[PDB]
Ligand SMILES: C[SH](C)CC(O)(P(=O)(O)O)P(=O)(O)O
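Shown here is one chain on its own, the form deposited without this ligand, set out as structure tokens.
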């Protein structure tokens, strides 16, 4: 909320530190300038919810007598690592989907004189994560824990992306691969691990809570939250209010494996399957319009409303069962935001 503004003032330092360390290394200066420009363009401009979840979870987890200036600096920094992870995926995903814009502005790769060099820029964003961890956390006992958490998060995200790409190739309608089992799997690997587990898990490690069982417990809660966030993201893509949401969805144009299309397909009498087969994923409006209306005719907006109520109950039951011995608030803060 106000904690945000603080997180963002810290970026300047993040950047300073990552774009200087050549003082006996002159000649690489120009690549360092380019790294400065990649960071400023790609890490800034989002809502920062993931990085901040790190900072908030850290405050709530650490028995207050161990929060000095330096401990807090390590939390802002690790929060910024989560944001750099995000940045890395987005720069790359935008190239792969040929997107035009991101966070309201021109995608980095679409900028004149960047193009496919953005592939190296994305790799730099990733590498910046480990450079930060070494700079700030090298002497901490949880250092290796965090390196492995970031590496694993990346791999989960990447393999989820591979699954998404095998499942939903833009320009090729095949709804035989749009199943519930496959929708759930994409979300867990591609979105939920890094969006929800990673930031809390990182806070836990910084707090000394490294147990397998405790982490599995938190993960159970957080992956289920992640599933909901994304299902809500998909519903709102089409049925959101663009003023409240902040852009019009193209999930259906893009032949996305949307929670909607999945639900739609669970409920289609053979004709409707065809109505969807001849309309899902097309440039033109009348085709998208007709899909939205098919959705409305199956009362998907109400299936969603029912799903969200149930899902909310279920999350609370999960917090009740699996939060201890972590303060339930760690999870409830995130529930409040996503619901």
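Each form is matched to the other, and the largest set of C-alpha atoms that superpose within 1.5 Å is called the rigid core. Numbering follows the first chain given and starts at 1.
This next part talks about the form solved in complex with this ligand, which is not shown.
- With this ligand left out of view, the stretch that reaches within 4.5 Å of it through heavy atoms in the deposited bound form is, among 128-136, 92-100, 265-273, 141-149, 92-100.
- Within 4.5 Å of some heavy atom of this ligand in the deposited bound form lies at least one heavy atom of residue 230.
- Mapping the unseen interface onto this chain, residue 194 counts among the residues with a heavy atom inside 4.5 Å of this ligand in the deposited bound form.
- Among the candidates 32, 62, 303, 44, displacement between this form and the one not shown reaches 2 angstroms at the C-alpha for one position only, 303 (superposition on the rigid core).
- The Cα position of residue 127 differs by less than 2 Å between this form and the one not shown after fitting on the rigid core.
- With a cut-off of 2 Å and the rigid core superposed, residue 244 has a Cα displacement that reaches or exceeds the cut-off between this form and the one not shown.
- Relative to the superposed core, residue 141 undergoes a Cα shift smaller than 2 Å between this form and the one not shown.
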